[PDB]
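Coming up is one lone chain in C-alpha cells, specifically the form deposited without the partner chain.
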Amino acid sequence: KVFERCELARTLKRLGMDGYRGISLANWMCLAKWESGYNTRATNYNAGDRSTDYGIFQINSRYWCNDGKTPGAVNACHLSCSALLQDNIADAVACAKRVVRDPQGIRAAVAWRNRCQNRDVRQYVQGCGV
C-alpha cells in the first residue's frame, strides 16, 4: 500500500511514534518518505552484502528481520521480513522502535541524515491534524 501523507501521519500518531525516544512525528515522516515514498511493498537488494531492506522504513535483513537468505542475520526484532511488507504497518512500527532504541537512534538511517537532519521537516506533518 502507498500511504497518503496525512493518512500515514495519523497512523504513526495512533501507534505511539510521536516523540518516541525524543523523535518527533515530522522526523519519522521525513524518514519514511525518503526511504520508500510511503510504500509498504518497497524492497531493495544490496548486492554487495547479500542483505535486503524491507517496507515503509526499509529495515535491513542483516540486523532486524529474518528472511532466511541473509548471512549473519541477527533478527533483533524477532520478525519475519515478510511482516514488513504488509499493508498494516503495526509490525514495522514495533521494529522501527527497536531500531532507534540503539545508541545511534534515528541517526543510524543514512537516508535521514542525507535529507532530514538539520533541515526544516515540519512540512511533512503540516495540515494533517496531528
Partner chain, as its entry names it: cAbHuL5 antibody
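Numbering follows the first chain given and starts at 1.
- Comparing the deposited coordinates for 39-47 and 24-32, the stretch with the larger average C-alpha B-factor is 39-47.
- When the two stretches 100-108 and 75-83 are set side by side, the higher mean Cα temperature factor goes to 100-108.
- Per-chain ranking of the deposited C-alpha B factor places residue 116 in the highest third.
- In the deposited entry, the Cα temperature factor of residue 125 sits in the top third of values across the chain's modelled residues.
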